[PDB]
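This is model.cif (mmCIF, C-alpha atoms).
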```
data_work
loop_
_atom_site.group_PDB
_atom_site.id
_atom_site.type_symbol
_atom_site.label_atom_id
_atom_site.label_comp_id
_atom_site.auth_asym_id
_atom_site.auth_seq_id
_atom_site.Cartn_x
_atom_site.Cartn_y
_atom_site.Cartn_z
ATOM 1 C CA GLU A 1 89.962 65.508 100.275
ATOM 2 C CA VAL A 2 91.255 62.080 101.297
ATOM 3 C CA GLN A 3 89.389 59.708 99.006
ATOM 4 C CA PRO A 4 89.727 55.934 99.438
ATOM 5 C CA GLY A 5 93.128 55.706 97.746
ATOM 6 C CA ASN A 6 94.145 59.277 96.856
ATOM 7 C CA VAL A 7 94.491 62.262 99.190
ATOM 8 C CA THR A 8 94.697 65.584 97.334
ATOM 9 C CA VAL A 9 95.257 69.017 98.891
ATOM 10 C CA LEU A 10 93.624 71.844 96.933
ATOM 11 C CA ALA A 11 95.830 74.574 98.323
ATOM 12 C CA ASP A 12 95.347 78.211 97.371
ATOM 13 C CA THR A 13 97.808 80.939 96.507
ATOM 14 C CA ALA A 14 97.042 83.632 99.094
ATOM 15 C CA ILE A 15 95.398 84.013 102.474
ATOM 16 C CA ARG A 16 91.613 84.007 102.201
ATOM 17 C CA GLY A 17 88.926 85.370 104.471
ATOM 18 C CA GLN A 18 86.174 87.933 104.450
ATOM 19 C CA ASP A 19 87.970 91.004 105.779
ATOM 20 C CA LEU A 20 90.371 90.660 102.831
ATOM 21 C CA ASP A 21 88.281 89.663 99.823
ATOM 22 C CA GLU A 22 85.940 92.506 100.688
ATOM 23 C CA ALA A 23 88.922 94.858 100.598
ATOM 24 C CA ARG A 24 89.823 93.572 97.138
ATOM 25 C CA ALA A 25 86.230 93.940 95.976
ATOM 26 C CA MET A 26 86.043 97.514 97.247
ATOM 27 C CA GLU A 27 89.304 98.276 95.463
ATOM 28 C CA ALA A 28 87.901 96.885 92.216
ATOM 29 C CA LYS A 29 84.662 98.818 92.619
ATOM 30 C CA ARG A 30 86.876 101.841 93.272
ATOM 31 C CA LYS A 31 89.150 101.343 90.237
ATOM 32 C CA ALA A 32 86.235 100.924 87.814
ATOM 33 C CA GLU A 33 84.397 103.950 89.375
ATOM 34 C CA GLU A 34 87.457 106.312 89.406
ATOM 35 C CA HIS A 35 88.122 105.154 85.778
ATOM 36 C CA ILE A 36 91.667 104.203 86.823
ATOM 37 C CA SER A 37 93.625 101.946 84.478
ATOM 38 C CA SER A 38 97.154 100.719 85.116
ATOM 39 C CA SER A 39 99.809 99.864 82.560
ATOM 40 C CA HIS A 40 100.892 96.332 81.738
ATOM 41 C CA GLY A 41 104.455 95.318 82.550
ATOM 42 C CA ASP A 42 105.559 94.268 79.054
ATOM 43 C CA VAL A 43 108.627 96.424 78.512
ATOM 44 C CA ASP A 44 109.355 94.414 75.355
ATOM 45 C CA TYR A 45 106.055 94.872 73.560
ATOM 46 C CA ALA A 46 106.209 98.565 74.445
ATOM 47 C CA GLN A 47 109.557 99.102 72.742
ATOM 48 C CA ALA A 48 108.582 96.965 69.762
ATOM 49 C CA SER A 49 105.318 98.862 69.317
ATOM 50 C CA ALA A 50 107.027 102.232 69.637
ATOM 51 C CA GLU A 51 109.683 101.419 67.049
ATOM 52 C CA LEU A 52 106.989 100.044 64.761
ATOM 53 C CA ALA A 53 104.868 103.172 65.106
ATOM 54 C CA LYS A 54 107.812 105.477 64.462
ATOM 55 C CA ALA A 55 109.038 103.494 61.461
ATOM 56 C CA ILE A 56 105.592 103.495 59.825
ATOM 57 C CA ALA A 57 104.973 107.239 60.188
ATOM 58 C CA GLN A 58 104.742 109.633 57.221
ATOM 59 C CA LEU A 59 105.736 106.697 55.049
ATOM 60 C CA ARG A 60 103.252 107.558 52.257
ATOM 61 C CA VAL A 61 104.223 104.430 50.347
ATOM 62 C CA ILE A 62 100.798 103.849 48.805
ATOM 63 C CA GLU A 63 100.635 107.320 47.264
ATOM 64 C CA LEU A 64 104.031 106.564 45.723
ATOM 65 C CA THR A 65 103.712 103.028 44.421
ATOM 66 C CA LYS A 66 100.471 103.161 42.494
ATOM 67 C CA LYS A 67 98.708 100.422 44.455
ATOM 68 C CA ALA A 68 95.064 100.851 43.481
ATOM 69 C CA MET A 69 93.560 99.568 46.751
ATOM 70 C CA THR B 1 88.801 131.933 15.169
ATOM 71 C CA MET B 2 85.409 130.425 14.342
ATOM 72 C CA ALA B 3 84.556 130.654 18.028
ATOM 73 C CA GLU B 4 85.723 134.269 18.429
ATOM 74 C CA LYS B 5 83.425 135.224 15.573
ATOM 75 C CA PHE B 6 80.259 133.975 17.251
ATOM 76 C CA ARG B 7 81.474 135.567 20.474
ATOM 77 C CA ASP B 8 81.914 139.000 18.906
ATOM 78 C CA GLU B 9 78.560 138.725 17.126
ATOM 79 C CA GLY B 10 76.938 139.104 20.546
ATOM 80 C CA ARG B 11 76.140 135.416 20.969
ATOM 81 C CA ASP B 12 77.351 132.930 23.560
ATOM 82 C CA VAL B 13 79.265 129.888 22.417
ATOM 83 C CA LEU B 14 80.498 126.473 23.477
ATOM 84 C CA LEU B 15 84.049 125.547 22.497
ATOM 85 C CA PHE B 16 85.214 121.956 22.930
ATOM 86 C CA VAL B 17 88.877 121.202 22.237
ATOM 87 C CA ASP B 18 89.525 117.481 22.039
ATOM 88 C CA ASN B 19 93.166 117.471 23.084
ATOM 89 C CA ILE B 20 95.133 120.666 23.627
ATOM 90 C CA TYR B 21 98.289 118.713 24.460
ATOM 91 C CA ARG B 22 98.759 117.960 20.775
ATOM 92 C CA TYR B 23 99.020 121.683 20.089
ATOM 93 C CA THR B 24 102.237 121.813 22.108
ATOM 94 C CA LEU B 25 103.450 118.389 21.034
ATOM 95 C CA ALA B 26 103.322 119.669 17.463
ATOM 96 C CA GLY B 27 105.412 122.631 18.556
ATOM 97 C CA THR B 28 107.943 120.356 20.194
ATOM 98 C CA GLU B 29 108.187 118.226 17.055
ATOM 99 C CA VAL B 30 109.095 121.267 14.969
ATOM 100 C CA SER B 31 111.127 123.331 17.435
ATOM 101 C CA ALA B 32 114.513 121.689 16.989
ATOM 102 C CA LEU B 33 114.261 121.953 13.210
ATOM 103 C CA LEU B 34 113.614 125.674 13.604
ATOM 104 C CA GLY B 35 117.049 125.837 15.219
ATOM 105 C CA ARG B 36 116.158 126.482 18.851
ATOM 106 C CA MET B 37 118.042 125.115 21.806
ATOM 107 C CA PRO B 38 115.991 122.491 23.654
ATOM 108 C CA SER B 39 114.688 123.187 27.211
ATOM 109 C CA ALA B 40 113.541 121.296 30.379
ATOM 110 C CA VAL B 41 112.584 117.783 29.084
ATOM 111 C CA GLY B 42 113.211 118.372 25.385
ATOM 112 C CA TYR B 43 110.332 120.885 25.172
ATOM 113 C CA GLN B 44 110.601 123.977 22.977
ATOM 114 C CA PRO B 45 112.106 126.981 24.784
ATOM 115 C CA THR B 46 108.914 128.945 24.074
ATOM 116 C CA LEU B 47 106.470 126.479 25.636
ATOM 117 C CA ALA B 48 104.726 128.826 28.052
ATOM 118 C CA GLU B 49 104.353 131.614 25.501
ATOM 119 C CA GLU B 50 103.000 129.307 22.807
ATOM 120 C CA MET B 51 100.476 128.041 25.326
ATOM 121 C CA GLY B 52 99.473 131.447 26.660
ATOM 122 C CA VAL B 53 99.153 133.135 23.281
ATOM 123 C CA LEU B 54 96.371 130.660 22.524
ATOM 124 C CA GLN B 55 94.562 130.294 25.823
ATOM 125 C CA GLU B 56 94.392 134.049 26.366
ATOM 126 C CA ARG B 57 91.991 134.591 23.459
ATOM 127 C CA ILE B 58 89.602 131.793 24.472
ATOM 128 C CA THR B 59 87.727 133.862 27.034
ATOM 129 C CA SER B 60 84.396 135.516 27.628
ATOM 130 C CA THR B 61 84.020 139.269 27.281
ATOM 131 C CA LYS B 62 81.436 141.988 27.773
ATOM 132 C CA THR B 63 80.212 141.526 24.187
ATOM 133 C CA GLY B 64 79.709 137.763 24.500
ATOM 134 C CA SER B 65 80.876 134.665 26.300
ATOM 135 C CA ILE B 66 82.667 131.439 25.370
ATOM 136 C CA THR B 67 82.233 128.365 27.569
ATOM 137 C CA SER B 68 85.037 125.911 26.923
ATOM 138 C CA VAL B 69 85.865 122.335 27.907
ATOM 139 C CA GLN B 70 89.408 121.185 27.151
ATOM 140 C CA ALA B 71 90.857 117.704 27.432
ATOM 141 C CA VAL B 72 94.501 117.788 28.492
ATOM 142 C CA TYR B 73 96.620 114.671 28.097
ATOM 143 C CA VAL B 74 99.413 114.277 30.655
ATOM 144 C CA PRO B 75 102.309 112.176 29.334
ATOM 145 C CA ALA B 76 103.339 109.063 31.229
ATOM 146 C CA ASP B 77 100.768 109.985 33.899
ATOM 147 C CA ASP B 78 103.279 112.514 35.288
ATOM 148 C CA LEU B 79 101.252 115.457 36.551
ATOM 149 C CA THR B 80 104.503 117.442 36.934
ATOM 150 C CA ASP B 81 105.644 117.263 33.316
ATOM 151 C CA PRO B 82 106.105 120.824 32.016
ATOM 152 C CA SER B 83 103.144 120.669 29.662
ATOM 153 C CA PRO B 84 100.345 119.980 32.186
ATOM 154 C CA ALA B 85 102.162 121.990 34.834
ATOM 155 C CA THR B 86 102.073 125.070 32.631
ATOM 156 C CA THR B 87 98.464 124.417 31.610
ATOM 157 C CA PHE B 88 97.052 124.177 35.126
ATOM 158 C CA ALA B 89 97.285 127.944 35.566
ATOM 159 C CA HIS B 90 94.998 128.661 32.604
ATOM 160 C CA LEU B 91 91.831 126.899 33.769
ATOM 161 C CA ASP B 92 89.119 127.803 36.249
ATOM 162 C CA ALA B 93 87.835 124.311 37.068
ATOM 163 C CA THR B 94 90.340 121.466 36.803
ATOM 164 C CA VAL B 95 89.191 117.841 36.893
ATOM 165 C CA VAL B 96 92.016 115.339 37.336
ATOM 166 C CA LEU B 97 91.336 111.764 36.243
ATOM 167 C CA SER B 98 93.583 108.955 37.434
ATOM 168 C CA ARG B 99 94.417 105.426 36.355
ATOM 169 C CA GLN B 100 94.488 104.054 39.899
ATOM 170 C CA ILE B 101 90.758 104.735 40.187
ATOM 171 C CA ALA B 102 89.769 103.691 36.682
ATOM 172 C CA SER B 103 91.471 100.381 37.421
ATOM 173 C CA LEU B 104 88.900 99.937 40.213
ATOM 174 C CA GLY B 105 86.036 100.133 37.730
ATOM 175 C CA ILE B 106 84.985 103.468 39.256
ATOM 176 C CA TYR B 107 83.864 105.610 36.348
ATOM 177 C CA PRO B 108 84.154 108.579 36.064
ATOM 178 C CA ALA B 109 87.638 108.268 37.517
ATOM 179 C CA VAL B 110 87.822 111.820 38.834
ATOM 180 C CA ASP B 111 90.320 112.166 41.659
ATOM 181 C CA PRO B 112 88.418 114.132 44.323
ATOM 182 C CA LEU B 113 91.601 115.152 46.145
ATOM 183 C CA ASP B 114 93.010 116.936 43.091
ATOM 184 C CA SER B 115 89.956 118.392 41.358
ATOM 185 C CA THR B 116 89.183 121.988 42.256
ATOM 186 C CA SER B 117 87.275 124.998 41.046
ATOM 187 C CA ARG B 118 87.554 128.747 41.316
#
```
For this file, produce the structure as structure tokens.
Amino acid sequence: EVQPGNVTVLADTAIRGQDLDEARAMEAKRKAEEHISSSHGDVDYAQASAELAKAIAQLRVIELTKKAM
Amino acid sequence: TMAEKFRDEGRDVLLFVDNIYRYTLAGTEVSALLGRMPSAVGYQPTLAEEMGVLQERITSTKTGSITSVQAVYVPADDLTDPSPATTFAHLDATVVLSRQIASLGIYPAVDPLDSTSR
């Protein structure tokens, strides 16, 4: 879009067409239908969460300090 | 004794004991003066026998029945102190009240995860 004083190019990130976007849409219809879910890539949150789950297990602190709750 | 009499007369009786813990606390107060080596937490060496020799005669029989409700104080809220621990075995239905519930305003404060019945 070359306006009177400013030309701006609204580029995109990946090749676009119809043969492709339809492939992506079929893949998404496929993933939802097959009930397929992939894992995130956060290898940090995974370790943090695992250490937090293991440290909090069988802790029984509330039965021991008489917190009324 | 007064209860046993009505029992043996053929009747059926209700016996309410207001605090049976004092019966053993009075034994503990006197034990050391009777010259008897102390035991687990200062309790008399004959705690379990003193407690059984009483609670074995408060029972129903073929000639009559006694129905009894007994309050049992547990010192310092420690349900493992020898005195409640040795009393638990002598009751059919045990209802365990707790301060952590009574402090919620929930009365009666029965602790449903510790009460039981034969």
(Q) Would you mind listing, as a PyMOL selection string, all residues of chain B that have at least one atom within 10 Å of chain A, where only C-alpha atoms are what counts? (A) chain B and resi 99-104
Q. Can you list, as a VMD selection string, every protein, DNA or RNA residue that comes within 6 Å of range 90-98 of chain B when you count only C-alpha atoms, leaving out same-chain residues fewer than 5 positions away?
A. chain B and resid 109 to 111 115 to 118
Q: Please write the residues picked by the PyMOL selection byres ((chain B and resi 48) around 10) on this file as a count of residues only.
A: 15
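One finds CA of residue 16 in chain A at 19.0 Å from CA of residue 29 in chain A.
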Centre and edge lengths, as JSON, for the axis-aligned box enclosing every listed atom of range 12-24 of chain A with 5 Å of padding on each of the six sides, in Å to one decimal?
```
{"center_x": 91.9, "center_y": 86.5, "center_z": 101.1, "size_x": 21.9, "size_y": 26.6, "size_z": 19.3}
```
Fewer than 6 positions away in the same chain doesn't count, so skip those; otherwise give me all residues within 7 Å of range 4-15 of chain B, counting only C-alpha atoms, as a PDB file with C-alpha atoms, in the frame of the given file.
```
ATOM      1  CA  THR B  63      80.212 141.526  24.187  1.00  0.00           C
ATOM      2  CA  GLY B  64      79.709 137.763  24.500  1.00  0.00           C
ATOM      3  CA  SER B  65      80.876 134.665  26.300  1.00  0.00           C
ATOM      4  CA  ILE B  66      82.667 131.439  25.370  1.00  0.00           C
ATOM      5  CA  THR B  67      82.233 128.365  27.569  1.00  0.00           C
ATOM      6  CA  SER B  68      85.037 125.911  26.923  1.00  0.00           C
ATOM      7  CA  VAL B  69      85.865 122.335  27.907  1.00  0.00           C
TER       8      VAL B  69
END
```
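Comparing B:88, B:20, B:29, B:57 by their smallest distance to residue 1 in chain B, the closest is B:57 (using only C-alpha atoms).
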Q. Mind pulling up the distance from CA of residue 61 in chain A to CA of residue 112 in chain B?
A. 19.5 Å
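Coordinates place CA of residue 37 in chain A at a distance of 15.8 Å from CA of residue 25 in chain A.
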